[PDB]
Each structure stands twice: as structure tokens, then as C-alpha cells.
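Presented below is the structure to which this report refers.
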There are 2 protein chains.
Amino acid sequence: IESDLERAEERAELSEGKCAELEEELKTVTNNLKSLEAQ
Amino acid sequence: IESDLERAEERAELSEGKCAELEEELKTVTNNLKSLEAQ
């Protein structure tokens with residue numbers, strides 16, 4: 001059960017960092033999208 | 001350790017569902033940006 005715990009914490013933390021990386025990209029691309037759409 | 005595994009596993013599935021949905025939204029917005037840029 002300790003072996004399952006470390007796998008669960010690492011999978012959760014890796015997912016959280018990837019989700020934050022995508023969220024910053026979405027904010028960047030949607031800002032470009034509305035400017036490009038206006039032009 | 002068992003209560004830590006339940007909490008760690010719960011935030012892993014919660015993060016994974018948000019991250020997968022966000023990745024599909026990124027792909028959708030990038031495809032829409034590519035189409036609008038071509039126009």
C-alpha cells in the first residue's frame with residue numbers, strides 16, 4: 001500500500017503540472033485568436 | 001497510508017479528467033486558430 005501511495009502522488013503531481021502548462025497555453029492561444037479574428 | 005492513498009488517488013483522477021478535457025480544448029482552439037489564420 002506504500003508502493004501504491006507513491007505512484008498515486010507522482011501521477012497526481014505530474015497531471016497537475018501538465019494541466020497548468022496547458023492552461024497557460026490556452027490563455028496565450030485564445031488571446032491570439034481574438035486578435036486574429038478581429039483582423 | 002491507506003487514507004493518504006485514497007486522497008492521492010482521488011486528486012489524480014480529478015486532475016486527469018480536467019487535464020484530458022483541457023488538452024482536447026487546446027487541440028480544438030489550435031485547430032480553430034489554424035482555420036481562421038488561413039481565412
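Chains: A, B, ... in order of the C-alpha cells. Residues: from 1 per chain. Ligands: from 1, in order shown.
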Interface, chain A side, toward chain B (6 Å; only C-alpha atoms) as JSON, numbers by chain: {"A": [5, 8, 9, 12, 19, 26, 33]}
Write the residues you've just listed into a file as a PDB file, in the first residue's frame, and include N, CA and C atoms for each of them.
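The result, stored in selection-v2.pdb:
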ATOM      1  N   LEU A   5       0.827   4.266  -2.848  1.00  0.00           N
ATOM      2  CA  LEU A   5       0.786   5.671  -2.472  1.00  0.00           C
ATOM      3  C   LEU A   5       1.733   6.555  -3.269  1.00  0.00           C
ATOM      4  N   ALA A   8       0.490   7.009  -6.840  1.00  0.00           N
ATOM      5  CA  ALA A   8      -0.648   7.904  -6.854  1.00  0.00           C
ATOM      6  C   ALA A   8      -0.275   9.377  -6.691  1.00  0.00           C
ATOM      7  N   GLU A   9       0.647   9.708  -5.760  1.00  0.00           N
ATOM      8  CA  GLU A   9       1.104  11.076  -5.566  1.00  0.00           C
ATOM      9  C   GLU A   9       1.880  11.623  -6.754  1.00  0.00           C
ATOM     10  N   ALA A  12      -0.661  12.157  -9.722  1.00  0.00           N
ATOM     11  CA  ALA A  12      -1.410  13.361  -9.439  1.00  0.00           C
ATOM     12  C   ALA A  12      -0.613  14.646  -9.655  1.00  0.00           C
ATOM     13  N   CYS A  19      -1.573  19.991 -16.604  1.00  0.00           N
ATOM     14  CA  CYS A  19      -2.787  20.788 -16.659  1.00  0.00           C
ATOM     15  C   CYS A  19      -2.508  22.285 -16.555  1.00  0.00           C
ATOM     16  N   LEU A  26      -3.499  27.796 -23.264  1.00  0.00           N
ATOM     17  CA  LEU A  26      -4.845  28.154 -23.687  1.00  0.00           C
ATOM     18  C   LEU A  26      -5.123  29.642 -23.572  1.00  0.00           C
ATOM     19  N   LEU A  33      -6.069  34.318 -30.790  1.00  0.00           N
ATOM     20  CA  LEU A  33      -7.273  34.017 -31.548  1.00  0.00           C
ATOM     21  C   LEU A  33      -8.220  35.195 -31.672  1.00  0.00           C
TER      22      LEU A  33
END
Chain B on chain A, all Cα pairs in order, RMSD: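 Computed value for the CA RMSD is 0.7 Å.
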